[PDB]
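**Q** Have a look at the structure that comes next, please.
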Amino acid sequence: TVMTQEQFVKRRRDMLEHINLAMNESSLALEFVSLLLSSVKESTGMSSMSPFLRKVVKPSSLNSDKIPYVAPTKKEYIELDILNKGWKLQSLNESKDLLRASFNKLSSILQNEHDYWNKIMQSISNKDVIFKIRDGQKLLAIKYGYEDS
Amino acid sequence: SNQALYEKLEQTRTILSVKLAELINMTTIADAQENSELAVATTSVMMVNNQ
Amino acid sequence: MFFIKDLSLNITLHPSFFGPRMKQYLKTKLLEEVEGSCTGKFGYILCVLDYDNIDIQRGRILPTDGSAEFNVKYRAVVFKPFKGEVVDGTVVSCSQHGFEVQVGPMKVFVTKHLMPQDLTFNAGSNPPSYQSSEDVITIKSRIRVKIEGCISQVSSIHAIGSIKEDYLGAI
Amino acid sequence: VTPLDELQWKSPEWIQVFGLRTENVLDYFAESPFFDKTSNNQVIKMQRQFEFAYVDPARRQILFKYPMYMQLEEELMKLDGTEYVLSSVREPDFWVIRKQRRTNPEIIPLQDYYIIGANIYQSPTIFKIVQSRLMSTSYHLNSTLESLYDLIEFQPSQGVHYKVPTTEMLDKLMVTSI
Amino acid sequence: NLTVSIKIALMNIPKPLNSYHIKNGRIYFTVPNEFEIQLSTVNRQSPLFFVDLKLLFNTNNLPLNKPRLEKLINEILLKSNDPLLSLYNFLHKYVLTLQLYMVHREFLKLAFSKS
Amino acid sequence: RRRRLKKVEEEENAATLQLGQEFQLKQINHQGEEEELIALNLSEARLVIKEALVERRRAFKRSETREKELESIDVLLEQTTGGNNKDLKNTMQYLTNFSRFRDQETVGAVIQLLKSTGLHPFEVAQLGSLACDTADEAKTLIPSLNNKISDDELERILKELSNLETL
Amino acid sequence: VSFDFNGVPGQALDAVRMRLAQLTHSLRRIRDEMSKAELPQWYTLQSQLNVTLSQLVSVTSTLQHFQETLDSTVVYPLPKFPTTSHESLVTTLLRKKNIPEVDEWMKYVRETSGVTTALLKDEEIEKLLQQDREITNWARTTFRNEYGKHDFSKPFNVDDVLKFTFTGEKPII
């Protein structure tokens, strides 16, 4: 396939907005936990609160209590289990497709590399001299000058 | 240089030997332990992104 | 233990380094005369902090030697042991007199009088080691030791260790 | 199906007809799906149609301020089992009502329900809150990872890197002319 | 156009800069076969601002440090007592510095021998 | 300034908090003002030294697992500094072996957790350095902690230090 | 009054706050390093992504270790919370609903599991999961036995020769 600038920049923008959403959700969870921790600690929750949350609400604004210890039922055991089975199957399918695509692309690249090395060994004699050179990419440079002869 | 090639080859060989087996081994169910849809989600995404 | 302290050193510059980059020569001689240098007053000085802004004032020419004396003030991380302090380390040598444990840049030698009596020397092992009923102490072994004695010369520091206290020894 | 811990409930027909104040939060809450029909509150409501320990000072203030809730507590001490009691009030509009089991008095609490502007919410578990937030975080992170790996090209001649999409003398002029 | 023409009437003009072309939202101060620099003003009481410049001597259209030269030309227009004489002196010295470096480049690329 | 000989003084001992007259709690800095004595734990010292070395590498240019960490800091060491680095190499190896915490956020969590105690810098650096487990073991490892921290507070703070221990 | 803050878990909430702050700070690193027009070096970016993923695993494992006393504590606002003025804020901070994207994708994987509750009995589901875990056990012992099948100078003295060269005496052997 061939990749273009506009497709590149829309992928850039959508992964930027996805990482923004991930950061937002993680920070919302962190600030909920810190606002609940300030009910009993009052110091370390204030460190993890937002300045905006400190402006809006005061610490010790939430309270929680112990509802009784309950054992989850077998219906939601098997529901969580069948969810786990299906989602592990979906991850297995994604891994299969990723491995297949990587194998195809790497096979194309290695056929190109094998052709390149076969061309090198059918092209270059041991009398010729080769050295590595940068631009930062590695390139082979052959020296044909008479200055050493 | 060749000692570094030894160490890198050996480490990569061991982790290739263990890694796919771990990838499929963590696809198990037990009442290791996943009592939450969050645990299921995290283990499933760490399969693809870690193994 | 590791500390951060304000340090001052009188450094001598030969007149051959009286160039436009005399400050750079001063900083380089500060590096290869302070980094890794041992002093008994301020401990093993490891690395110089804040290399971008090192306080170098005017340097006095010595009236007879002709060299310049700069009183350079700097920030550095040091390592000074103290009596009665518990540190971790690894064994690098063993003998019948005792064994040395490597903490930081310093070797603390633990004498043969300062192990529990069940632990005995075994020189037949290769490398020679110390063996007891429950654990073995050899080269490249993690071990926690208390320093109960420190001697500090002008340029050398040597410490004495012991593991006879409970909840010490190998980790 | 929508689980009960995840919905906001109000009855604006009840708000237009009766109106919500502190004196009618419990029978306003009785119309909610949060309310259990087999509760001691409802059965003593049917019966009536037909200092003290065991409570925190937050509920002491509510009882000593509102007399009908002391009447409710005095009638609930005669029975044992599930009940709803009003724990914290901010006038004019904030309430907290807790599920509560009582034995003869030994009291253990259960799930709570907070009332903000006659809009009733069931108190979720903090596990459920942070777990939903981390589900969202994991989904967005996985999408970020997949979309970033779509931008990865591998070459053997270099390291693995990003796919490539498909005048020097003017300062010398400036310094010479000025 | 009326604003740049109502502004240039109150200012003295350099003798080689008497060729000015008055169209298209700006003024074209030109020196023939040397350069043509175009400037605009916003109002009566504000000093003129750089718009563009075209090089008229044969090499052309060599690329230049456009934002840097715009910044310094606007700066000297703002601070100079006589903006037109200052601009003419600076630009004449700049194009002749360009010409000296160009003949230097030809002389160094000519290296016949250096003996 | 008085010119007494003052040759009599107590021996520097860690249990009595006597670290010498120039490792006192207050230190006059190069700017002239007094400052709290900066005592580092092992992971904190490793991160400060690594930060100094990468800053020096940046200045020279302008002018995680154990195996990759050791070679990375070895290349950093040989790139940054010149001669007489046996001692500094041993410090780097010792800190990367016995570094309890990996990154800056975890170690700064350790400093703020130990500054919530309001305790001695030497004592909190010893707590952050030694991989202790129980309160009584902490008291017998550091005799300086006797009659300073309650047992429940000690066991809980070492409990979240054990939680913060990683890899 | 005191409101009796007690049913509030201290150590579990503190631990999840510390891991969650680590995860949030790593996500902030990824945001302000990756939003720029030029991407960072891919080795550094992959290392940051791996640290972020490992911290997500760590906070999930800490929350799993505190699975109880986290389902067993329900949270309500207090009166000193401004509820009339910031009802949206308190409901956003106390929401347990996760996004329609993740719910539609969990429904998708539930449908593509190939088996559902809607047309099978609970005993049939339990025996299907039992034979499923038996198949996984067979696969992992196959991995175990397959992995166990394979294994996983001086010819002379320069000083002596030069001392001969300058004096004439033979090198000592």
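In the structure tokens, the first chain shown is A, the next is B, and so on; residue numbers restart at 1 for each chain, and ligands run from 1 in the order shown.
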Mind checking which residues fall within 8 Å of residue 55 in chain C, counting only C-alpha atoms, ignoring those fewer than 3 positions away in the same chain, and posting them as number ranges by chain?
**A** C: 72-74
**Q** Extract, using only C-alpha atoms, all DNA, RNA and protein residues at most 7 Å from range 3-19 of chain E, discarding same-chain residues fewer than 2 positions from it, and format them as number ranges by chain.
**A** E: 1, 21, 26-27, 29-31, 40-41, 43-44, 84-85
**Q** Next, write the just-selected residues to a file, as a tab-separated table (two decimals), in the first residue's frame, keeping N, CA and C atoms as the atom set.
**A**
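Final output, saved to selection10.tsv:
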```
chain	number	residue	atom	x	y	z
E	1	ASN	N	-4.52	53.26	-1.96
E	1	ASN	CA	-3.69	54.01	-2.90
E	1	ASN	C	-3.68	55.49	-2.54
E	21	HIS	N	5.77	53.71	-8.46
E	21	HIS	CA	4.60	53.27	-9.20
E	21	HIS	C	3.44	53.14	-8.21
E	26	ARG	N	-0.67	49.88	-2.47
E	26	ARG	CA	0.70	50.04	-1.99
E	26	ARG	C	1.45	50.95	-2.94
E	27	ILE	N	2.73	51.17	-2.64
E	27	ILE	CA	3.61	51.99	-3.46
E	27	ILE	C	4.82	51.15	-3.86
E	29	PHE	N	8.43	51.54	-4.83
E	29	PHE	CA	9.67	52.31	-4.95
E	29	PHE	C	10.65	51.49	-5.77
E	30	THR	N	10.99	51.96	-6.97
E	30	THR	CA	11.84	51.18	-7.86
E	30	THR	C	13.10	51.96	-8.22
E	31	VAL	N	14.22	51.24	-8.29
E	31	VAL	CA	15.45	51.72	-8.90
E	31	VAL	C	15.72	50.81	-10.09
E	40	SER	N	3.26	49.50	2.20
E	40	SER	CA	1.91	49.97	2.49
E	40	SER	C	1.86	50.66	3.84
E	41	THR	N	1.00	51.67	3.97
E	41	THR	CA	0.70	52.25	5.27
E	41	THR	C	-0.76	52.00	5.62
E	43	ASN	N	-2.55	54.11	7.89
E	43	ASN	CA	-3.24	55.38	8.09
E	43	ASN	C	-2.24	56.51	7.86
E	44	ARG	N	-2.66	57.73	8.21
E	44	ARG	CA	-1.79	58.89	8.04
E	44	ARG	C	-0.67	58.90	9.07
E	84	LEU	N	12.85	56.94	4.28
E	84	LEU	CA	13.15	56.70	2.87
E	84	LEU	C	14.66	56.69	2.62
E	85	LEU	N	15.39	57.66	3.19
E	85	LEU	CA	16.84	57.66	3.05
E	85	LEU	C	17.46	56.46	3.75
```
**Q** Can you tell me which residues surround residue 41 in chain A at a distance of at most 12 Å, considering only C-alpha atoms, apart from same-chain residues fewer than 6 positions away, and format the answer as a tab-separated table (two decimals) with N, CA and C atoms, in the first residue's frame?
**A**
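In the end it all went to around19.tsv:
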```
chain	number	residue	atom	x	y	z
A	33	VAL	N	-11.01	9.60	43.28
A	33	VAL	CA	-10.36	8.87	44.36
A	33	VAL	C	-9.72	9.84	45.36
A	34	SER	N	-9.13	10.93	44.87
A	34	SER	CA	-8.48	11.89	45.76
A	34	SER	C	-9.50	12.69	46.57
A	35	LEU	N	-10.63	13.05	45.96
A	35	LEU	CA	-11.69	13.74	46.69
A	35	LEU	C	-12.33	12.83	47.73
A	47	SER	N	-3.33	16.95	47.05
A	47	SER	CA	-2.23	16.95	46.08
A	47	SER	C	-2.70	16.45	44.72
A	59	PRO	N	-12.51	19.95	50.47
A	59	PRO	CA	-12.26	18.56	50.87
A	59	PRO	C	-13.27	18.09	51.91
A	60	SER	N	-13.30	16.76	52.08
A	60	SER	CA	-14.27	16.06	52.93
A	60	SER	C	-15.71	16.38	52.51
F	116	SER	N	5.80	13.74	55.08
F	116	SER	CA	4.58	13.78	55.88
F	116	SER	C	4.83	13.36	57.32
G	5	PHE	N	-16.84	9.99	59.01
G	5	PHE	CA	-16.14	9.40	57.89
G	5	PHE	C	-15.44	8.19	58.46
G	6	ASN	N	-15.84	7.01	58.03
G	6	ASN	CA	-15.27	5.79	58.59
G	6	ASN	C	-15.36	4.73	57.54
G	8	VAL	N	-15.08	4.85	54.89
G	8	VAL	CA	-14.18	5.21	53.81
G	8	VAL	C	-12.93	4.35	53.93
G	9	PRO	N	-12.61	3.53	52.92
G	9	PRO	CA	-11.36	2.77	52.97
G	9	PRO	C	-10.16	3.70	52.79
G	10	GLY	N	-9.17	3.54	53.66
G	10	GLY	CA	-8.02	4.42	53.61
G	10	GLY	C	-6.88	3.88	52.77
G	11	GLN	N	-6.44	2.66	53.07
G	11	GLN	CA	-5.24	2.13	52.43
G	11	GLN	C	-5.51	1.71	50.98
G	13	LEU	N	-7.87	2.98	48.97
G	13	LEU	CA	-8.08	4.19	48.20
G	13	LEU	C	-6.77	4.94	47.99
G	14	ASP	N	-5.89	4.94	48.99
G	14	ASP	CA	-4.58	5.57	48.83
G	14	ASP	C	-3.74	4.84	47.79
```
**Q** Considering only C-alpha atoms, return as a list in words whatever protein or nucleic-acid residues lie within 12 Å of residue 43 in chain D, sequence-local ones (same chain, fewer than 4 positions apart) excluded.
**A**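 These residues fall inside the cut-off: residues 30, 36, 37, 38, 39, 47, 48, 49, 50, 75, 76, 79, 80, 81, 82, 83 and 84 of chain D.
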**Q** Can you write just those residues out, N, CA and C atoms, as an mmCIF file, in the first residue's frame?
**A**
```cif
data_model
loop_
_atom_site.group_PDB
_atom_site.id
_atom_site.type_symbol
_atom_site.label_atom_id
_atom_site.label_comp_id
_atom_site.auth_asym_id
_atom_site.auth_seq_id
_atom_site.Cartn_x
_atom_site.Cartn_y
_atom_site.Cartn_z
ATOM 1 N N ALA D 30 -40.443 6.430 47.710
ATOM 2 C CA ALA D 30 -41.227 5.204 47.632
ATOM 3 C C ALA D 30 -41.757 4.927 46.230
ATOM 4 N N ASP D 36 -37.863 -0.688 47.889
ATOM 5 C CA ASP D 36 -38.293 -2.076 47.993
ATOM 6 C C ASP D 36 -39.701 -2.132 48.570
ATOM 7 N N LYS D 37 -40.596 -2.843 47.879
ATOM 8 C CA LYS D 37 -41.980 -2.947 48.330
ATOM 9 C C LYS D 37 -42.128 -3.770 49.602
ATOM 10 N N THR D 38 -41.162 -4.635 49.908
ATOM 11 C CA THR D 38 -41.204 -5.469 51.099
ATOM 12 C C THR D 38 -40.526 -4.815 52.297
ATOM 13 N N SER D 39 -40.465 -3.488 52.330
ATOM 14 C CA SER D 39 -39.722 -2.778 53.358
ATOM 15 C C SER D 39 -40.591 -2.468 54.575
ATOM 16 N N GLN D 47 -49.779 -0.072 58.105
ATOM 17 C CA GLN D 47 -50.299 -0.168 59.470
ATOM 18 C C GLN D 47 -50.928 1.146 59.927
ATOM 19 N N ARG D 48 -50.250 2.270 59.678
ATOM 20 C CA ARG D 48 -50.797 3.564 60.071
ATOM 21 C C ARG D 48 -51.970 3.990 59.200
ATOM 22 N N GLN D 49 -52.030 3.523 57.951
ATOM 23 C CA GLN D 49 -53.239 3.702 57.154
ATOM 24 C C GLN D 49 -54.392 2.891 57.734
ATOM 25 N N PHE D 50 -54.098 1.694 58.232
ATOM 26 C CA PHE D 50 -55.083 0.849 58.893
ATOM 27 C C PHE D 50 -55.345 1.338 60.317
ATOM 28 N N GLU D 75 -41.348 4.169 65.559
ATOM 29 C CA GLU D 75 -42.180 3.088 65.046
ATOM 30 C C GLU D 75 -41.337 1.983 64.407
ATOM 31 N N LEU D 76 -40.144 2.318 63.903
ATOM 32 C CA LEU D 76 -39.255 1.321 63.311
ATOM 33 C C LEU D 76 -38.469 0.526 64.344
ATOM 34 N N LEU D 79 -39.933 -2.965 64.947
ATOM 35 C CA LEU D 79 -39.734 -3.988 63.932
ATOM 36 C C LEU D 79 -38.248 -4.208 63.677
ATOM 37 N N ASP D 80 -37.958 -5.278 62.936
ATOM 38 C CA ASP D 80 -36.606 -5.649 62.547
ATOM 39 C C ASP D 80 -36.570 -5.915 61.051
ATOM 40 N N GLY D 81 -35.469 -5.533 60.410
ATOM 41 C CA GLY D 81 -35.294 -5.835 59.004
ATOM 42 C C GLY D 81 -34.989 -4.642 58.122
ATOM 43 N N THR D 82 -35.339 -4.755 56.844
ATOM 44 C CA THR D 82 -34.991 -3.740 55.860
ATOM 45 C C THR D 82 -35.817 -2.469 56.043
ATOM 46 N N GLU D 83 -35.164 -1.321 55.869
ATOM 47 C CA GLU D 83 -35.817 -0.030 56.026
ATOM 48 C C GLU D 83 -35.006 1.016 55.279
ATOM 49 N N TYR D 84 -35.613 2.184 55.092
ATOM 50 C CA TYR D 84 -34.942 3.336 54.506
ATOM 51 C C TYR D 84 -34.974 4.472 55.514
#
```
**Q** When the cut-off is 10 Å and we count only C-alpha atoms, which residues of chain E are near chain D, given as a list in words?
**A**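 Contact residues on the first chain: residues 62, 63, 64, 65, 66, 68, 69, 90, 91, 92, 93, 94, 95, 96, 97, 98 and 101 of chain E.
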**Q** Store the residues picked out above, limited to N, CA, C and O atoms, as a PDB file, in the first residue's frame.
**A**
```
ATOM      1  N   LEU E  62      16.690  34.905  -6.221  1.00  0.00           N
ATOM      2  CA  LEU E  62      17.341  34.144  -5.169  1.00  0.00           C
ATOM      3  C   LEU E  62      16.506  34.218  -3.892  1.00  0.00           C
ATOM      4  O   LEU E  62      16.015  35.293  -3.535  1.00  0.00           O
ATOM      5  N   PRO E  63      16.302  33.094  -3.202  1.00  0.00           N
ATOM      6  CA  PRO E  63      15.501  33.125  -1.973  1.00  0.00           C
ATOM      7  C   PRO E  63      16.221  33.858  -0.852  1.00  0.00           C
ATOM      8  O   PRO E  63      17.446  33.786  -0.721  1.00  0.00           O
ATOM      9  N   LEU E  64      15.442  34.571  -0.040  1.00  0.00           N
ATOM     10  CA  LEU E  64      15.973  35.393   1.037  1.00  0.00           C
ATOM     11  C   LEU E  64      15.248  35.079   2.338  1.00  0.00           C
ATOM     12  O   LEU E  64      14.190  34.444   2.351  1.00  0.00           O
ATOM     13  N   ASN E  65      15.841  35.536   3.442  1.00  0.00           N
ATOM     14  CA  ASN E  65      15.269  35.375   4.781  1.00  0.00           C
ATOM     15  C   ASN E  65      14.127  36.374   4.989  1.00  0.00           C
ATOM     16  O   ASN E  65      14.249  37.392   5.677  1.00  0.00           O
ATOM     17  N   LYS E  66      12.971  36.023   4.408  1.00  0.00           N
ATOM     18  CA  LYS E  66      11.830  36.937   4.324  1.00  0.00           C
ATOM     19  C   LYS E  66      11.305  37.454   5.666  1.00  0.00           C
ATOM     20  O   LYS E  66      11.141  38.681   5.789  1.00  0.00           O
ATOM     21  N   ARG E  68      12.827  37.648   8.651  1.00  0.00           N
ATOM     22  CA  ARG E  68      13.880  38.433   9.290  1.00  0.00           C
ATOM     23  C   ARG E  68      14.035  39.795   8.621  1.00  0.00           C
ATOM     24  O   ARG E  68      14.130  40.827   9.301  1.00  0.00           O
ATOM     25  N   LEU E  69      14.045  39.818   7.284  1.00  0.00           N
ATOM     26  CA  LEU E  69      14.200  41.089   6.584  1.00  0.00           C
ATOM     27  C   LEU E  69      12.959  41.958   6.745  1.00  0.00           C
ATOM     28  O   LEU E  69      13.072  43.183   6.854  1.00  0.00           O
ATOM     29  N   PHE E  90      20.265  51.345   3.273  1.00  0.00           N
ATOM     30  CA  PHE E  90      20.383  49.948   3.680  1.00  0.00           C
ATOM     31  C   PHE E  90      20.236  49.005   2.490  1.00  0.00           C
ATOM     32  O   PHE E  90      21.024  48.066   2.339  1.00  0.00           O
ATOM     33  N   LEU E  91      19.247  49.246   1.625  1.00  0.00           N
ATOM     34  CA  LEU E  91      18.995  48.315   0.533  1.00  0.00           C
ATOM     35  C   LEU E  91      20.070  48.412  -0.543  1.00  0.00           C
ATOM     36  O   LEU E  91      20.445  47.394  -1.139  1.00  0.00           O
ATOM     37  N   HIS E  92      20.585  49.619  -0.799  1.00  0.00           N
ATOM     38  CA  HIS E  92      21.679  49.785  -1.749  1.00  0.00           C
ATOM     39  C   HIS E  92      22.938  49.086  -1.251  1.00  0.00           C
ATOM     40  O   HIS E  92      23.605  48.361  -2.006  1.00  0.00           O
ATOM     41  N   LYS E  93      23.259  49.266   0.039  1.00  0.00           N
ATOM     42  CA  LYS E  93      24.406  48.579   0.622  1.00  0.00           C
ATOM     43  C   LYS E  93      24.210  47.066   0.605  1.00  0.00           C
ATOM     44  O   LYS E  93      25.165  46.315   0.381  1.00  0.00           O
ATOM     45  N   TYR E  94      22.970  46.605   0.788  1.00  0.00           N
ATOM     46  CA  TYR E  94      22.703  45.171   0.820  1.00  0.00           C
ATOM     47  C   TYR E  94      22.853  44.539  -0.561  1.00  0.00           C
ATOM     48  O   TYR E  94      23.475  43.477  -0.698  1.00  0.00           O
ATOM     49  N   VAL E  95      22.298  45.177  -1.599  1.00  0.00           N
ATOM     50  CA  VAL E  95      22.418  44.605  -2.940  1.00  0.00           C
ATOM     51  C   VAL E  95      23.857  44.696  -3.440  1.00  0.00           C
ATOM     52  O   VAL E  95      24.328  43.805  -4.161  1.00  0.00           O
ATOM     53  N   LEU E  96      24.603  45.729  -3.038  1.00  0.00           N
ATOM     54  CA  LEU E  96      26.001  45.779  -3.455  1.00  0.00           C
ATOM     55  C   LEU E  96      26.862  44.799  -2.666  1.00  0.00           C
ATOM     56  O   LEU E  96      27.834  44.266  -3.210  1.00  0.00           O
ATOM     57  N   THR E  97      26.504  44.508  -1.409  1.00  0.00           N
ATOM     58  CA  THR E  97      27.153  43.419  -0.683  1.00  0.00           C
ATOM     59  C   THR E  97      26.886  42.080  -1.364  1.00  0.00           C
ATOM     60  O   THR E  97      27.785  41.234  -1.469  1.00  0.00           O
ATOM     61  N   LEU E  98      25.651  41.885  -1.843  1.00  0.00           N
ATOM     62  CA  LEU E  98      25.319  40.702  -2.636  1.00  0.00           C
ATOM     63  C   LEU E  98      26.188  40.608  -3.884  1.00  0.00           C
ATOM     64  O   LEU E  98      26.681  39.527  -4.227  1.00  0.00           O
ATOM     65  N   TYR E 101      29.789  39.662  -2.926  1.00  0.00           N
ATOM     66  CA  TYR E 101      29.923  38.248  -2.590  1.00  0.00           C
ATOM     67  C   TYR E 101      29.782  37.395  -3.848  1.00  0.00           C
ATOM     68  O   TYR E 101      30.424  36.349  -3.966  1.00  0.00           O
TER      69      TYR E 101
END
```
**Q** Using only C-alpha atoms, which protein or nucleic acid residues come within 8 Å of range 129-133 of chain G? Drop anything in the same chain fewer than 3 positions from it, and give the result as a list in words.
**A** residues 81 and 82 of chain A; 28 and 29 of chain B; 125, 126, 136 and 137 of chain G
**Q** Could you make a table, as a tab-separated table, of the residues of chain B that have an atom within 8 Å of an atom of chain D, each with its nearest atom pair and distance in Å to one decimal, counting only C-alpha atoms, in chain and number order?
**A**
```
residue	atom	partner	partner_atom	distance
B:38	CA	D:135	CA	6.0
B:41	CA	D:135	CA	7.2
B:42	CA	D:138	CA	6.8
B:45	CA	D:142	CA	6.7
B:49	CA	D:145	CA	7.8
```
**Q** May I have the residues within 9 Å of residue 91 in chain F as a list in words, using only C-alpha atoms and disregarding those fewer than 2 positions away in the same chain?
**A**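 Here the answer would be residues 46, 103, 104, 105 and 106 of chain C; 46, 86, 87, 88, 89, 93, 94, 95 and 96 of chain F.
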**Q** I'd like the contact shell of range 94-109 of chain D - 9 Å cut-off, only C-alpha atoms, skipping same-chain residues fewer than 3 positions apart - returned as a PyMOL selection string.
**A** (chain A and resi 65-68) or (chain D and resi 22+25-26+29+53-55+76-91+112-118) or (chain G and resi 76-79+83-84)
**Q** Once you count only C-alpha atoms, which residues of chain F turn out to be within 9 Å of chain C? Could you give them as a PyMOL selection string?
**A** chain F and resi 11-15+18-19+22-23+27-30+37-42+45+48-49+52-53+55-56+59+81-95+98+122+125-126+129-130+137+140-143
**Q** Near chain B, meaning an atom within 10 Å, which residues of chain G appear when counting only C-alpha atoms? Write them as a PyMOL selection string.
**A** chain G and resi 49-50+53-54+56-57+60-61+63-64+67+106+129-130+132-137+139-144+147+150-152
**Q** Output C-alpha atoms for every residue in that selection, as a short mmCIF file (atom, residue, chain, number, x, y, z; two decimals), in the first residue's frame.
**A**
```
data_model
loop_
_atom_site.label_atom_id
_atom_site.label_comp_id
_atom_site.auth_asym_id
_atom_site.auth_seq_id
_atom_site.Cartn_x
_atom_site.Cartn_y
_atom_site.Cartn_z
CA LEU G 49 3.69 3.31 26.04
CA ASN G 50 4.99 0.17 27.77
CA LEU G 53 0.43 -0.12 29.91
CA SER G 54 2.31 -1.60 32.88
CA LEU G 56 -2.61 0.27 33.84
CA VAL G 57 -1.91 -3.38 34.72
CA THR G 60 -5.98 -3.02 37.70
CA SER G 61 -4.11 -5.54 39.88
CA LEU G 63 -8.00 -2.78 42.40
CA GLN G 64 -8.31 -6.57 41.93
CA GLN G 67 -11.96 -6.24 44.89
CA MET G 106 -18.38 -5.66 24.77
CA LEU G 129 -16.93 -23.57 30.14
CA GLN G 130 -15.65 -26.72 31.87
CA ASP G 132 -13.34 -25.04 27.42
CA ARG G 133 -10.96 -24.83 30.39
CA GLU G 134 -10.11 -28.50 29.78
CA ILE G 135 -9.09 -27.59 26.21
CA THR G 136 -6.99 -24.67 27.50
CA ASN G 137 -5.33 -27.01 30.02
CA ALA G 139 -3.06 -26.61 25.13
CA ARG G 140 -0.86 -25.37 27.96
CA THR G 141 0.44 -28.85 28.83
CA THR G 142 1.13 -29.32 25.10
CA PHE G 143 3.15 -26.11 25.31
CA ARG G 144 4.90 -27.42 28.42
CA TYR G 147 9.04 -26.53 25.36
CA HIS G 150 13.91 -28.57 23.15
CA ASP G 151 16.80 -27.12 25.13
CA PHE G 152 16.44 -23.52 26.30
#
```
**Q** What does the distance from CA of residue 149 in chain F to CA of residue 4 in chain G come to in Å, to one decimal?
**A**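 Taking CA of residue 149 in chain F as the start and CA of residue 4 in chain G as the end point, the length is 26.7 Å.
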**Q** Residues of range 41-86 of chain D classed as alpha helix (DSSP H) by DSSP on the backbone are to be reported as a list in words.
**A**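 Output for range 41-86 of chain D, alpha helix (DSSP H) only: residues 41, 42, 43, 44, 45, 46, 47, 48, 49, 57, 58, 59, 60, 61, 62, 63, 64, 65, 67, 68, 69, 70, 71, 72, 73, 74, 75 and 76 of chain D.
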**Q** Give me, as a PyMOL selection string, the contact residues of chain A against chain B at a cut-off of 8 Å, counting only C-alpha atoms.
**A** chain A and resi 77+80-81+83-85+87-88+91-92+94-95
**Q** Suppose we keep C-alpha atoms; can you now write the selection as a tab-separated table (two decimals), in the first residue's frame?
**A**
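Contents of the output file part06.tsv:
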```
chain	number	residue	atom	x	y	z
A	77	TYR	CA	-19.87	-15.66	37.38
A	80	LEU	CA	-18.30	-12.61	33.33
A	81	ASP	CA	-16.77	-15.92	32.22
A	83	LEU	CA	-17.55	-12.27	28.43
A	84	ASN	CA	-13.94	-13.26	29.15
A	85	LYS	CA	-14.10	-16.13	26.64
A	87	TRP	CA	-13.17	-11.05	24.48
A	88	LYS	CA	-10.11	-13.32	24.64
A	91	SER	CA	-8.01	-10.51	21.06
A	92	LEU	CA	-6.78	-13.80	19.58
A	94	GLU	CA	-6.69	-9.41	16.37
A	95	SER	CA	-3.33	-11.01	17.21
```
**Q** Contacts from chain A to chain D, 7 Å maximum, only C-alpha atoms: show me the residue list as a PyMOL selection string.
**A** chain A and resi 3-5+8+11+15+18-19+21-22+25-26+29+66-68+137-138
**Q** What residues in chain F have any atom no more than 12 Å from chain A when counting only C-alpha atoms, and can you write them as JSON, numbers by chain?
**A** {"F": [109, 112, 113, 115, 116]}
**Q** Using the selection just defined, write its residues with C-alpha atoms as a JSON list (two decimals), in the first residue's frame.
**A**
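Final output, saved to part_24.json:
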```
[["chain", "number", "residue", "atom", "x", "y", "z"],
["F", 109, "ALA", "CA", 6.18, 9.82, 46.28],
["F", 112, "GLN", "CA", 6.64, 13.26, 50.16],
["F", 113, "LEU", "CA", 5.44, 10.21, 52.13],
["F", 115, "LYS", "CA", 8.15, 14.29, 54.68],
["F", 116, "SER", "CA", 4.58, 13.78, 55.88]]
```
